[PDB]
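**Q** As they're listed, the protein sequences go chains Q, W, P, a, V, N, H and M. Residue numbering for the first sequence follows the deposited numbering, beginning at 211 and increasing consecutively. Residue numbering for the second sequence follows the deposited numbering, beginning at 211 and increasing consecutively. Residue numbering for the third sequence follows the deposited numbering, beginning at 106 and increasing consecutively. Residue numbering for the fourth sequence follows the deposited numbering, beginning at 159 and increasing consecutively. Residue numbering for the fifth sequence follows the deposited numbering, beginning at 106 and increasing consecutively. With the deposited numbering as the guide, the letters of the sixth sequence map in order to residues 2 to 152, 320 to 436. With the deposited numbering as the guide, the letters of the seventh sequence map in order to residues 2 to 152, 320 to 436. With the deposited numbering as the guide, the letters of the eighth sequence map in order to residues 2 to 152, 320 to 436.
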Amino acid sequence: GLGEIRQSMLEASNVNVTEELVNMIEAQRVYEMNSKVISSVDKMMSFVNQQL
Amino acid sequence: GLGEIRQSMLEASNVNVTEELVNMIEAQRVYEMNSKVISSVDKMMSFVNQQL
Amino acid sequence: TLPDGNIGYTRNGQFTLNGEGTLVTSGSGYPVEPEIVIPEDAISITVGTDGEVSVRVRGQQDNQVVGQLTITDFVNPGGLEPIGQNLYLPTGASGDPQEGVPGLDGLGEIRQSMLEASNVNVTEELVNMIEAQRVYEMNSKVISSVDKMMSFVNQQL
Amino acid sequence: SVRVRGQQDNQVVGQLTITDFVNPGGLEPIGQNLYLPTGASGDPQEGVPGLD
Amino acid sequence: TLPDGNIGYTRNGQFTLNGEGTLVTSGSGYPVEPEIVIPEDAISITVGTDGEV
Amino acid sequence: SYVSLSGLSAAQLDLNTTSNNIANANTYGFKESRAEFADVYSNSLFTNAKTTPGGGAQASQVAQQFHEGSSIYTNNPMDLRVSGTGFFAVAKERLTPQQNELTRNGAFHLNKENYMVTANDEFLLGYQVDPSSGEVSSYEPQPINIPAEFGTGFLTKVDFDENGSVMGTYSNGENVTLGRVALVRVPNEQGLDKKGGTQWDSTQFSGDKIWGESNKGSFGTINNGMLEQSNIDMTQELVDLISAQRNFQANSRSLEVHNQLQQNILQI
Amino acid sequence: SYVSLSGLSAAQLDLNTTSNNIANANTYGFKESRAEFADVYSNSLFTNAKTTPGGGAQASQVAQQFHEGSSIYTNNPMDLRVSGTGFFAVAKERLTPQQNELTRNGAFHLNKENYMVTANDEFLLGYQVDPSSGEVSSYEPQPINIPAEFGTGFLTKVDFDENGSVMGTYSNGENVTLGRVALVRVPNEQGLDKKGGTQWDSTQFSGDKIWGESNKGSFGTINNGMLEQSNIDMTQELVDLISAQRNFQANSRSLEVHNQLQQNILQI
Amino acid sequence: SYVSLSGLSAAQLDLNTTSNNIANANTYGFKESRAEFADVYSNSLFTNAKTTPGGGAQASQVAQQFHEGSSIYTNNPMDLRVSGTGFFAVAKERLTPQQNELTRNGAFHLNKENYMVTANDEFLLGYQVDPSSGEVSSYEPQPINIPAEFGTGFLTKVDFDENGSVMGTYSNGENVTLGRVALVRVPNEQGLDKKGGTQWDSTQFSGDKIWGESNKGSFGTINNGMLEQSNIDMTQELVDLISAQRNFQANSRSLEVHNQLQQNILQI
Numbered sequence: 211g212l213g214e215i216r217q218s219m220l221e222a223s224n225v226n227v228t229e230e231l232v233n234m235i236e237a238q239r240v241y242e243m244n245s246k247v248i249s250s251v252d253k254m255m256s257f258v259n260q261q262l
Numbered sequence: 211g212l213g214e215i216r217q218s219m220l221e222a223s224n225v226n227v228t229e230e231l232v233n234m235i236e237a238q239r240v241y242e243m244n245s246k247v248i249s250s251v252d253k254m255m256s257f258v259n260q261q262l
Numbered sequence: 106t107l108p109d110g111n112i113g114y115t116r117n118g119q120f121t122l123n124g125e126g127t128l129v130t131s132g133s134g135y136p137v138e139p140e141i142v143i144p145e146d147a148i149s150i151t152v153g154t155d156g157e158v159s160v161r162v163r164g165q166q167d168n169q170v171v172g173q174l175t176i177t178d179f180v181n182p183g184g185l186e187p188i189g190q191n192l193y194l195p196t197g198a199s200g201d202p203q204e205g206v207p208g209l210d211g212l213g214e215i216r217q218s219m220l221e222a223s224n225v226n227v228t229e230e231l232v233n234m235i236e237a238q239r240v241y242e243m244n245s246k247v248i249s250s251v252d253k254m255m256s257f258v259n260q261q262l
Numbered sequence: 159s160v161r162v163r164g165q166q167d168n169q170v171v172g173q174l175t176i177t178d179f180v181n182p183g184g185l186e187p188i189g190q191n192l193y194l195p196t197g198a199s200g201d202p203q204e205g206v207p208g209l210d
Numbered sequence: 106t107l108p109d110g111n112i113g114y115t116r117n118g119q120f121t122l123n124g125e126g127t128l129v130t131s132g133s134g135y136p137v138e139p140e141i142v143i144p145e146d147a148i149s150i151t152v153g154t155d156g157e158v
Numbered sequence: 002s003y004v005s006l007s008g009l010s011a012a013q014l015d016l017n018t019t020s021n022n023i024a025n026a027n028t029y030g031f032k033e034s035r036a037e038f039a040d041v042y043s044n045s046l047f048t049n050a051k052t053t054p055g056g057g058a059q060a061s062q063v064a065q066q067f068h069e070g071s072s073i074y075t076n077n078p079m080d081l082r083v084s085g086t087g088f089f090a091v092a093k094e095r096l097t098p099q100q101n102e103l104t105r106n107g108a109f110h111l112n113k114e115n116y117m118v119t120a121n122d123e124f125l126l127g128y129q130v131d132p133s134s135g136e137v138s139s140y141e142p143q144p145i146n147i148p149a150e151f152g320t321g322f323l324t325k326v327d328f329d330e331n332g333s334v335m336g337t338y339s340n341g342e343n344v345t346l347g348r349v350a351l352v353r354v355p356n357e358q359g360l361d362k363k364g365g366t367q368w369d370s371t372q373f374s375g376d377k378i379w380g381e382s383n384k385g386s387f388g389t390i391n392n393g394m395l396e397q398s399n400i401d402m403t404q405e406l407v408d409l410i411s412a413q414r415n416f417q418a419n420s421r422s423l424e425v426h427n428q429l430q431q432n433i434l435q436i
Numbered sequence: 002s003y004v005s006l007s008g009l010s011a012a013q014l015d016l017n018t019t020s021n022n023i024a025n026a027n028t029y030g031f032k033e034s035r036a037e038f039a040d041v042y043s044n045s046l047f048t049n050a051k052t053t054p055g056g057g058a059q060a061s062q063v064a065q066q067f068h069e070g071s072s073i074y075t076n077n078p079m080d081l082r083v084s085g086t087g088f089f090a091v092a093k094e095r096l097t098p099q100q101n102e103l104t105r106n107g108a109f110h111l112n113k114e115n116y117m118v119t120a121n122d123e124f125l126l127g128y129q130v131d132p133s134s135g136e137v138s139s140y141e142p143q144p145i146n147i148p149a150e151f152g320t321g322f323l324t325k326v327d328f329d330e331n332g333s334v335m336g337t338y339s340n341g342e343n344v345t346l347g348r349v350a351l352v353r354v355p356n357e358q359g360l361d362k363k364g365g366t367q368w369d370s371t372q373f374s375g376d377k378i379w380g381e382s383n384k385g386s387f388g389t390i391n392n393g394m395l396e397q398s399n400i401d402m403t404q405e406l407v408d409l410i411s412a413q414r415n416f417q418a419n420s421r422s423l424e425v426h427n428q429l430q431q432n433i434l435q436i
Numbered sequence: 002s003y004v005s006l007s008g009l010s011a012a013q014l015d016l017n018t019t020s021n022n023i024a025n026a027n028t029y030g031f032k033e034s035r036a037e038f039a040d041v042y043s044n045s046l047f048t049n050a051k052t053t054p055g056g057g058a059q060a061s062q063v064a065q066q067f068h069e070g071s072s073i074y075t076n077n078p079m080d081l082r083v084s085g086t087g088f089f090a091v092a093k094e095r096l097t098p099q100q101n102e103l104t105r106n107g108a109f110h111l112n113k114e115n116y117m118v119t120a121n122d123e124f125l126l127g128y129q130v131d132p133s134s135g136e137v138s139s140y141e142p143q144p145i146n147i148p149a150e151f152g320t321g322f323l324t325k326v327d328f329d330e331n332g333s334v335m336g337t338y339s340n341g342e343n344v345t346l347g348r349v350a351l352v353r354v355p356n357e358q359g360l361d362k363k364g365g366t367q368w369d370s371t372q373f374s375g376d377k378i379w380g381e382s383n384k385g386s387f388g389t390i391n392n393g394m395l396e397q398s399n400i401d402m403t404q405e406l407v408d409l410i411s412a413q414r415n416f417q418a419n420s421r422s423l424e425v426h427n428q429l430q431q432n433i434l435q436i
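1. Let's test the definition: count the other Cβ atoms within 10 Å of the Cβ of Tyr241 of chain Q and tell me whether it reaches 16, buried, or not, exposed.
2. Have a look at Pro182 of chain a and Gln190 of chain a and give me their C-alpha separation to the nearest angstrom.
3. Check each residue of the segment 239–250 of chain W: if its Cβ is closer than 8 Å to any Cβ of chain Q, include it; give the result in chain order.
4. Rounding to the nearest angstrom, what Cα-Cα distance links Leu395 of chain N and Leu81 of chain N in this structure?
5. Counting only the same chain and skipping the five closest in sequence on each side, list residues whose C-beta sits under 8 Å from that of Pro54 of chain H.
6. Along the chain, where does the alpha helix (DSSP H) that runs through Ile23 of chain H open and close?
7. Is it the case that the segment 409–423 of chain M contacts the segment 332–351 of chain M, given that we only count it when at least three CB pairs across the two stretches are under 8 Å?
8. For the beta strand (DSSP E) holding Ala237 of chain Q, just list the boundary residues, first then last.
9. Here's the rule I'm using: 16 or more other beta-carbon atoms within 10 Å means buried, otherwise exposed. How should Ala149 of chain N be labelled?
10. With DSSP collapsed to three states, give me the class of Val407 of chain M.
11. Hey, is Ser45 of chain N's beta-carbon within less than 9 Å of any beta-carbon in chain W?
12. Shorter than 9 Å from the beta carbon of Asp369 of chain H to some beta carbon of chain M?
13. Please classify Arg348 of chain N as buried or exposed, where buried requires at least 16 neighbouring CB atoms within 10 angstroms.
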């Protein structure tokens with residue numbers, strides 16, 4: 211079941227730069243929409259301090 | 211009536227970032243507006259204590 | 106033929122054979138109704154305009170008939186249900202399935218060694234997507250303005 | 159109506175009916191987004207939703 | 106033709122067919138007055154300026 | 002954004018499929034591959050049925066188009082080609098001929114033991130016939146051996329007739345039939361799983377190997393002195409390279425649009 | 002883009018067919034091929050023909066133009082040619098002649114069994130006639146045999329008359345009629361399927377084989393010492409090479425224009 | 002923005018029509034198409050009448066230019082051409098010739114039953130004339146049959329005169345008139361609806377079919393040994409490709425400008 215040794219040959223990395231770049235954009239958008247809630251809650255707590 | 215198994219597939223989350231962020235806009239303002247009523251009642255009780 | 110036993114309708118004609126030689130789709134492998142099994146003695150497969158499937162055998166003149174294809178039409182194909190894998194299902198608004206020989210009673214003709222491309226026009230889709238993006242930003246301006254008005258009222262009133 | 163695989167002409171499972179009142183403002187609010195019929199509310203008017 | 110029986114008037118022109126061949130709306134599927142049934146022998150549809158289908 | 006990502010993945014697969022076809026434009030016995038796609042339409046009990054946007058594009062399968070390729074003439078009697086339907090049977094180990102694989106290129110030669118082997122030093126399989134008998138006696142495939150001395321007399325020339333029989337003449341002027349090349353066929357060629365070096369193996373989706381001679385039944389003929397090139401068309405692959413790029417560019421514009429929508433809401 | 006890609010395939014098919022004719026400018030009995038195309042238009046009930054363009058170019062059939070070719074002279078009595086309509090009958094196996102194929106080249110010779118065979122060692126089929134009788138007695142074709150000794321007398325010369333009869337004179341000065349070459353004709357020559365080595369076989373679209381003699385009925389004569397070249401004209405083929413090149417460049421230009429339209433929109 | 006998209010749609014229709022013409026540069030009997038456009042001007046009771054910006058450009062009709070195409074010479078008696086006005090009558094089914102379609106390509110041959118058919122095995126129709134009589138006896142069209150034997321005598325050559333009559337000579341030296349090819353004309357050729365394979369059918373906009381003989385009345389002549397190519401001009405089609413791209417680019421610039429106007433207000 212083991213593989214075969216191929217002399218004078220190398221195995222490149224299996225990363226797909228297309229997938230990493232696309233996943234980078236999605237991970238950034240989720241990151242920014244999470245910061246909005248913290249930004250929104252900060253404004254709410256600031257408002258309560260001024261009012262209540 | 212059961213669903214089928216699809217190999218080499220994943221089911222992404224059904225969250226709609228459009229709907230979540232708009233509802234946060236509505237929720238923040240309603241939350242702030244209720245604080246206005248509590249602040250208004252607080253000022254009213256201060257006036258009653260200071261006058262009566 | 107779907108795994109559950111029902112019949113699905115497909116415009117995708119990319120077929121193949123399984124180990125038994127039955128004519129199945131080149132995707133998940135759903136057999137075509139009615140079954141068209143190619144004998145192992147065949148050397149060339151021809152499919153007629155009228156759907157008559159026949160093969161040729163060494164040392165035997167005249168194509169040997171192996172099966173007959175039939176195709177189904179609908180009064181309202183736009184009412185069909187897309188179920189994925191290039192498959193459709195009949196619905197209430199689609200109409201009753203009408204089956205017949207491919208070339209009579211208004212049915213289309215089978216073109217062997219020929220595939221039907223998608224009718225999508227990328228020029229139309231990209232232009233429409235730009236228009237829909239602008240309309241999307243139109244309604245965000247209303248929401249942004251409404252939010253600013255409520256913020257102004259929360260500070261003034 | 160519901161849809162069942164292996165069956166065209168989606169199956170009917172029930173019929174909804176809604177009630178209108180001459181004076182819905184006379185209904186008694188009991189909370190939980192519920193009202194109760196009262197003397198000044200008027201007789202319930204049940205029927206198919208879309209006629210009369 | 107509305108389901109209640111009355112007639113509605115529309116400027117939308119997006120039409121389609123039902124299971125019975127009648128020209129209906131592309132939304133809720135209301136028929137068009139007068140009923141325009143396209144037979145199964147039709148290979149093309151031409152709608153004239155004067156409305157003659 | 003996953004619908005647009007599906008478009009990029011589907012389009013990028015077509016580039017990789019075409020790029021492998023272009024890369025193997027010169028390997029003998031190569032069969033080109035085609036990328037086949039299918040739609041994604043998913044619904045549940047709580048999903049609206051009238052408005053049904055799709056789930057994107059799913060790669061259905063990468064096919065293995067097995068149409069006959071062009072033939073090259075090398076004037077080498079050990080270069081064999083199957084014209085029609087059939088495969089060469091090639092075994093990795095001499096002792097065990099049940100462990101074999103199907104190949105189409107016939108760049109054969111003899112090793113130090115006078116066994117007709119491929120470029121990878123793998124043994125070609127053939128039938129055993131008596132030198133005086135006619136058709137195949139025992140149908141079990143065995144490696145084809147061309148003895149240097151038979152009698320005696322030393323081997324002079326080797327040739328294959330249209331029936332695949334390997335015949336050698338010797339110094340004593342004796343013509344001896346040494347066997348015939350076995351031809352293997354499968355009911356579904358698309359179902360063969362792909363090994364390395366332009367070799368395939370029989371699978372459940374390809375059926376059981378069918379053993380037969382050349383120019384018999386549904387099998388093609390065996391021609392020596394010929395090799396078959398890849399069955400790809402350079403004009404077709406270069407055009408498919410053009411069309412696949414225009415669908416990845418179009419889909420990335422859709423992915424670009426979806427991000428600008430999310431950025432728009434994030435600025436309220 | 003699909004209509005342009007249809008044009009490239011149609012223009013490439015014409016170029017491939019023309020190249021095949023030029024490559025076979027020397028082979029004996031070759032019949033040139035002509036590629037015929039057809040339009041495409043398919044309009045749905047929901048599509049308004051007044052605003053629709055066509056579907057491209059569809060290949061209809063690659064014929065098999067069967068007009069008579071030029072005759073070369075070799076002064077070889079074993080080289081035969083059919084002047085008129087008809088085909089030679091050639092069987093691969095001597096025992097079974099009913100499975101045979103049709104050929105036009107007559108480069109025959111004698112093998113070790115004194116059977117008149119082709120260059121591919123395939124037996125020529127002819128009718129059996131008695132040495133004393135006249136016309137064909139048994140109409141079933143059989144391989145033509147030219148015995149070395151008949152009586320005895322040894323074979324000296326073999327000649328063929330216009331009736332296709334093979335006549336051999338021997339040492340004892342006895343003239344013997346050894347048979348006559350069979351001539352096969354089909355009602356539809358265009359329907360014959362093309363086998364290898366410039367040979368055709370009867371098909372369902374070509375009718376059934378009609379067995380007859382030479383210079384009898386509608387059949388042509390049989391001439392010895394002659395061979396048929398390809399029925400192609402080099403000037404016509406070379407001119408069609410230019411026309412197929414331009415009809416391809418135009419479609420590639422059309423494909424190029426349709427690409428630039430899309431790129432113009434992806435920059436908005 | 003819809004006015005700009007109207008220009009893009011009109012220009013792309015021009016490209017598709019031109020690309021269709023270039024694709025069929027080698028199909029026999031092809032008649033080129035021309036895209037015709039019309040203006041849009043919609044006004045209501047409540048719309049200002051002084052300033053009337055157009056609604057865009059509308060596709061009027063894709064024409065079917067029916068000018069005579071250039072003829073090719075094949076020296077084949079079975080290949081026909083109409084020099085003038087008229088189409089050949091061709092029926093898909095031999096039994097029913099009323100269900101017939103009009104064609105312009107004359108690439109015919111004989112089936113296995115000796116019926117003159119097209120490349121698609123569709124039967125050519127003609128008038129039935131007695132062997133001794135002259136002009137057409139019964140005007141009802143029937144499939145054209147050229148018997149192998151008439152008496320007997322076997323068919324030798326088939327030729328067509330300017331009147332369309334098919335004449336077959338036989339071994340007995342008997343020339344028998346087997347019929348004359350039917351010609352069909354319509355008052356409006358551009359009203360014909362286009363089927364597949366360069367064939368048309370009668371419509372109401374095209375009037376009724378006019379059955380007549382060749383070289384009689386308003387009909388043209390029939391020439392054997394010739395075929396008609398596409399009636400397109402390569403240089404004109406290539407130039408129309410140039411003008412149509414620079415009209416898709418100009419309109420796309422208008423679409424780009426309109427979008428940037430909407431983006432301008434969205435940033436206030």
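Quick reminder that beta carbons are idealized off the backbone N, C-alpha and C, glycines included.
**A** Reading it off the structure:
1. exposed
2. 17 Å
3. Shown in chain order are the members of the segment 239–250 of chain W whose Cβ falls below 8 Å from a Cβ of chain Q: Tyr241, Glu242, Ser245, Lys246, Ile248 and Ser249.
4. 6 Å
5. Cβ neighbours of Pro54 of chain H beyond the five flanking positions: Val4.
6. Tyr3 to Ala24
7. no
8. Here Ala237 of chain Q belongs to no beta strand (DSSP E); instead the alpha helix (DSSP H) covers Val227 to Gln261.
9. Exposed, because fewer than 16 other Cβ atoms sit within 10 Å of the Cβ of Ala149 of chain N.
10. helix
11. It does; some Cβ of chain W falls within 9 Å.
12. no
13. buried
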